[PDB]
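> This one's a deposited entry, sequence included:
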Amino acid sequence: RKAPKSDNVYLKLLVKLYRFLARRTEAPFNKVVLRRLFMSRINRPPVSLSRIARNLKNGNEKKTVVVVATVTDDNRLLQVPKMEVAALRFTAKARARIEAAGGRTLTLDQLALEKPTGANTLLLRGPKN
Amino acid sequence: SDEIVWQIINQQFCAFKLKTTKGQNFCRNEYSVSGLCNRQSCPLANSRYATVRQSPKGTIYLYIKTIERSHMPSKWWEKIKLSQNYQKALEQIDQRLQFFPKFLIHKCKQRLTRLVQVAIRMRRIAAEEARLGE
Amino acid sequence: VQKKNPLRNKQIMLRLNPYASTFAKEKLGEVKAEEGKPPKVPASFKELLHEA
Amino acid sequence: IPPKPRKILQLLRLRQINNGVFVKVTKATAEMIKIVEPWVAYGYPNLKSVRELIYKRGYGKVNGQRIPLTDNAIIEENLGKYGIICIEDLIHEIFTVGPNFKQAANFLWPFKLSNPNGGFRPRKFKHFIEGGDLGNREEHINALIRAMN
RNA sequence: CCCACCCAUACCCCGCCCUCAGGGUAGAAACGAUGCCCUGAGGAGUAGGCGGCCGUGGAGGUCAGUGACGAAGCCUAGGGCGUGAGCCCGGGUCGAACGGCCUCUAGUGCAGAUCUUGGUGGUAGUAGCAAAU
RNA sequence: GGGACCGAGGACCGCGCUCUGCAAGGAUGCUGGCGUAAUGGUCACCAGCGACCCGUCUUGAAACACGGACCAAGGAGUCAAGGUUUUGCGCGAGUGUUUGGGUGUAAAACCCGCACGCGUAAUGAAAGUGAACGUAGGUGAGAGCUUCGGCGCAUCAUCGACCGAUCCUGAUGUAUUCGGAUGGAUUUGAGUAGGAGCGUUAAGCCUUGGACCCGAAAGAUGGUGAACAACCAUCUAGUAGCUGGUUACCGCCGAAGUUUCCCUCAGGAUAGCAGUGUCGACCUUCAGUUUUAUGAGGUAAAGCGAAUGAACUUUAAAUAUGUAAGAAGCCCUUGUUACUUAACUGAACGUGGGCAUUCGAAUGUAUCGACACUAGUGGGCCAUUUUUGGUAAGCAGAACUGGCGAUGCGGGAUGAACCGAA
RNA sequence: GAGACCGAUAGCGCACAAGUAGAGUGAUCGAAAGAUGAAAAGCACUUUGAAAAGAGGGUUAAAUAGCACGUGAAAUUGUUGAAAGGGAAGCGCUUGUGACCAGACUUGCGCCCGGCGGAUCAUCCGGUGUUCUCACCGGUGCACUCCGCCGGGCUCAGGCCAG
Ligand SMILES: [Zn+2]
């Protein structure tokens, strides 16, 4: 598009970073992440701890889970597995429960340094409506 | 937070801005190489900066801002005396502003050039005004 | 920045068609007909030509 | 204009007065042009008509933009996969109708010609066989090309 | 029937405005990446939809703003800017306060409403000296 | 060779050429003129050409009709409560301090103890019951990733699984009259199948209040006078229709005047036209077009030294006008069904193949489709052609197309319907 | 005691003689109207004449601030000046005539030589502040270097319009 709808100055910081990465890298991961940054808050539904566990429970373990949305906690998920999640935002319950399981929490700018081309990443988004 | 400062400076409020209707904006801050408010020449939004100033006694100095003396506003600027010979002062910019952005080097040389030119013009006006007696 | 007619300036003509030099040099636009005495039109073609 | 000549004049890329297109003669194309005879004039061009149309009013379709054929290079980057790498190749493909005429003619932007120097005939909107300008004039299109181009 | 000539905002070439579409731009740029550069196309417009911008009264911060050596206002067969709403300057008058920026706010923009209030015309030095004064 | 108009851009880069540099990705070189005025502004007037007075309202349109003596100031979509959509923001299975208390530099700011509102599991009229048999399932797509082997978001299609309720079948048993287990249904849910909400800000829309502003006759309460019932104040800014008016600029996108349904006429709900957001394909796909095949006209025509006789035909028009022209496709083999048939005879579900570097005409393609949401529209007049009826002649009615309606310009001396051209 | 209220056609009808003036038998209805100047210092006196008026003269910073009083718009009107006017004016494009008004590039740098004075010049000395290596004072002088200044000579550079 042309301008992000958000008034967050750090969300405009991330759009500036992923505009540069989408232009100067063949990886369609950067183009997809940049498209979802421009999208509104309703079009980025929250993703729960239970939903990122099912997409991990296959042979997709040891991959950096990337969710360009907020991460919410599920009280019905009794045990959290070890997992590295990069997201826009984390709730306090979610952040504590990844850290209790031995996992790590990343931001999208820490993702861009580590995996600029989006290598070995599991991209997820939440339920629409 | 150098970019976050710039976003606040550019798009919310800056006490040094002068908005003109002629398609250009001006910075009133005395430590700016050009009078214009842009990203390259805003000294507040650039942690590393250079500026050429002229003293009332007639001496031209070069000012240096580093990221380390940022939290200390009284010690923002290193003041270095520039040579009166025009070529040695241009070289003194190049050695001192080494490994800087080339915008700062190119505009400090322009600011040095205009300051010397005004000083020569200032002496020619004063000589003619003394002769004219008006 | 400026469209240039190959028919007006021959430098752009030589830029596009390098054969334009040898076309003018060997006078290919002034090629003459092959030699040979042209045989007369048949008399049968003439009486058809002015039948009525 | 009736609805059916309006559709034909759009399929022939004749969206403006004094617009020109190179068509190849089929039974499909001949029936289309015969319908729009009350608006167009057409004939059989010579080599000089084709050569001066491309050199003077030749323009291309590179990513949907009208860029003049000022260099041989822009021919190859858009038509070099068909064996057309020079501007003499485009002349040869249009004039002697070859296997890649479909791609060469559409690459060619429609020719924005001027009004003819000397004007048309006094009664312009009659048939050429009836003393006017509309319809098929065969080799007489070259006199119209020389006046307009 | 033939030759030439005349001119539409139409057609062709060139310049300029804006909009749209495509492209380029970071161990940063010699221009606010909400910036800059390159290329092409387009341009009537009612009901209606969307955006930007100008002007008004008051409010927070700012310009270490202007001001009795003259603020605001008004006038002006003067100098400029902007496509435009508008804006700046000169000359005169005048006497005490006012302006730009970024935000907040609203009792915020007029040619009409046989609009309201005030003031003033032609009719007209006419009708006619009735009433009122 | 002669003339006119133009000089955009601003280090190099490119293609070239006649290569000690050129006319090769946009004008340089030389000379002159310019301060008691080069060049402009405003006013008045003359001259050539142009040029109806604005707004409102009716209508297909003009024409009527209403308003305008002039100037200054005022002057008309506002504010509350409750819904609803979208954007931003905070926290997030939670959210909301501000009733109140504590506090204070005192109507500010700061802090919160208990409840409360909305949400976090559903269905059935009800008794009430109550979310796992399969990595919460299988298969196929699908963004993205990839050790190039394969993993596969959201979402959709299908086959399943469970639960609430309904219609069944009826286990150990049981107080001898109580129960629902197991096995089914072309069922229903605003169900489960792993939460998205709450508060707030901005804009818009809906409802009610005076409700964009101005504008009846009436009715009622309480008084004042006295007479052809009248006046006064209030309820009351009453209400119904129906008029009039409704305030700077520029830019972008831009209509409809219609099909169908329902019923008061005074109207809404769909679909279409304009737009916004999401998802998906790759610019795929589509198209008031041509061609090919084939209908509806064998319509004209050639022949009848072919037969037979528009109703004759070997052949076949023109010209409009329906239907198809692959991979989302074809054929048949083999199995089933709840449908059908004497019968895989048909329909559906599965099976197999070939061609993916001519995937099965031409031309064009300023993307297309699905879902959701949001404004304005739902009149006609004239002409061409075809056609039905009628008159002494006018004329009346259908169907298509075109023009004007929201459209300036050139021409026809002038002009709603003409010609050219937007 | 206060205000993101209104500022004299607004705000209560009333900033002031306001429920006043005035109307109606009566119940009731109900306005318009603020601003000299810092200070009246509110024009003494002379002189026309019958007046809410002038000419002199004075007060004042100012009287074109004179109780018609801060500022003083437009409509409308008089005088003076210019131009025009054969049954409409006004308006658009483009000249032309006259009148008045404005004033075009701010209009400069670089070399050479000679003198004079300064320093950021001397491995010169003393002092101060500091980001601790940069600045600023004071006193020395001119071997070198660099700035100015004065007197010559020289160079190019320029704004607009033409051919
Ligand atoms: Zn700045």
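Perfect, thanks for sending it. Numbering: from 1, shown residues only, chains lettered A, B, ... in the order given.

> which residues in the chain form strands?
Just so you know, I chose chain A. Remark: strands assigned in chain A by DSSP state E are A:47-48, A:64-72, A:84-90, A:104-106, A:121-123.

> ah, no, chain D please
D:19-20, D:41-43, D:59-62, D:65-68, D:111-112, D:135-138.

> sorry, back to before: dump the strands of chain A to CSV, plus distance to residue C:24 and mean neighbour count.
Where C-beta positions appear, they are placed from N, C-alpha and C, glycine not excepted. Output for those, formatted as CSV (distance: least, C-beta to C-beta, whole Å; neighbours: other C-beta atoms under 10 Å in any protein chain shown):
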stretch, distance to residue C:24, mean neighbour count
strand A:47-48, 75, 22
strand A:64-72, 66, 22
strand A:84-90, 70, 20
strand A:104-106, 72, 16
strand A:121-123, 65, 18
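
> For the ones you listed, please prepare a markdown table with the additional fields distance to residue A:10.
Converted to a markdown table, the strands of chain A look like this (distance: least, C-beta to C-beta, whole Å):
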| stretch | distance to residue A:10 |
| --- | --- |
| strand A:47-48 | 20 |
| strand A:64-72 | 14 |
| strand A:84-90 | 10 |
| strand A:104-106 | 15 |
| strand A:121-123 | 21 |
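
> Which one of these lies nearest to residue B:126?
strand A:84-90 (64.1 Å; C-beta to C-beta).

> Geometric centre of chain A: which residue is closest?
Centroid-nearest residue in chain A, with C-alpha atoms, centre = their mean: residue A:67, separated by 2.3 Å.

> Determine the number of other residues adjacent to residue B:132.
7 (other C-beta atoms under 10 Å in any protein chain shown).

> for residue C:17, same thing?
19.

> Make sure it is actually in contact with residue D:87.
Yes - judged on C-beta atoms under 8 Å, residue C:17 makes contact with residue D:87 at a distance of 6.8 Å.

> How about the single longest helix found in chain B and RNA strand E, touching?
Counting by DSSP state H, the longest helix found in chain B is helix B:102-132. Yes - against RNA strand E, helix B:102-132 shows contacts by C-beta under 7 Å from any atom of the strand at B:102-103, B:105-106.

> Between all of the residues you listed, which two are separated the most?
Farthest pair in these (C-beta to C-beta) is B:103 and B:105. Separation: 7.4 Å.

> Make JSON lines out of the strands of chain D and add mean neighbour count and distance to residue D:76.
Listed next are the strands of chain D as JSON lines, based on neighbours: other C-beta atoms under 10 Å in any protein chain shown; distance: least, C-beta to C-beta, whole Å:
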{"stretch": "strand D:19-20", "mean neighbour count": "18", "distance to residue D:76": "25"}
{"stretch": "strand D:41-43", "mean neighbour count": "19", "distance to residue D:76": "31"}
{"stretch": "strand D:59-62", "mean neighbour count": "16", "distance to residue D:76": "12"}
{"stretch": "strand D:65-68", "mean neighbour count": "12", "distance to residue D:76": "14"}
{"stretch": "strand D:111-112", "mean neighbour count": "16", "distance to residue D:76": "22"}
{"stretch": "strand D:135-138", "mean neighbour count": "16", "distance to residue D:76": "35"}
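
> Columns distance to RNA strand E on top of these, output as JSON lines?
JSON lines is the format used below for the strands of chain D (distance: least, C-beta to the nearest atom of the strand, whole Å):
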{"stretch": "strand D:19-20", "distance to RNA strand E": "7"}
{"stretch": "strand D:41-43", "distance to RNA strand E": "14"}
{"stretch": "strand D:59-62", "distance to RNA strand E": "7"}
{"stretch": "strand D:65-68", "distance to RNA strand E": "4"}
{"stretch": "strand D:111-112", "distance to RNA strand E": "3"}
{"stretch": "strand D:135-138", "distance to RNA strand E": "14"}
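
> Let me know which of these is the nearest to residue B:90.
Of all these, strand D:65-68 sits nearest to residue B:90, with 45.3 Å by C-beta to C-beta.

> Please dump the strands of chain D into a markdown table; it should also carry distance to residue B:55 for every row.
Formatted as a markdown table, those follow (distance: least, C-beta to C-beta, whole Å):
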| stretch | distance to residue B:55 |
| --- | --- |
| strand D:19-20 | 72 |
| strand D:41-43 | 82 |
| strand D:59-62 | 60 |
| strand D:65-68 | 57 |
| strand D:111-112 | 66 |
| strand D:135-138 | 86 |
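
> what about these, which gets the closest to chain B?
Among the strands of chain D, the nearest to chain B by C-beta to the nearest C-beta is strand D:65-68 (29.8 Å).

> I figured residue B:107 hits residue B:33, correct?
Yes - here residue B:107 reaches residue B:33: they are 4.1 Å apart, a contact under C-beta under 8 Å.

> So which of the two has more stuff around it?
Neighbours were counted for residue B:107 and for residue B:33 using other C-beta under 10 Å; residue B:33 has more, 24 against 19.

> number of nearby residues for residue 91?
Because you didn't say which chain, this covers chain A. Residue A:91 has 14 nearby residues by other C-beta under 10 Å.

> wrong chain, I was asking about chain D
Neighbours around residue D:91, by other C-beta under 10 Å: 20.

> what's the spacing between it and residue D:13?
Distance, residue D:91 to residue D:13, using C-beta to C-beta, to the nearest Å: 20 Å.

> what's the single longest helix in chain A?
The longest helix of chain A (DSSP H) is helix A:9-23.

> is that helix anywhere near RNA strand E?
Yes - Helix A:9-23 is in contact with RNA strand E by C-beta under 7 Å from any atom of the strand, via A:12, A:16, A:19-20, A:23.

> For that helix, give me every contacting residue.
Helix A:9-23 is contacted by residues A:4, A:6, A:27, A:30-31, A:33-34, A:37-38, A:88, A:108-109, A:112, A:116, B:3-4, B:7-8 when judged by C-beta atoms under 8 Å, 6 or more residues apart in numbering or on different chains.

> hang on, the earlier thing: pull out the buried residues from the residues of helix A:9-23 next to RNA strand E.
Among the residues of helix A:9-23 next to RNA strand E, those scoring as buried are residue A:12 (criterion: 16 or more other C-beta atoms under 10 Å in any protein chain shown).

> among the residues of helix A:9-23 next to RNA strand E, which two are most distant?
Top of the distance list for those (C-beta to C-beta): A:12 and A:23, 16.6 Å.

> sorry, back to before: so for residue B:37, which of the strands of chain A sits nearest?
Nearest to residue B:37, of all those, is strand A:84-90, at 31.8 Å by C-beta to C-beta.
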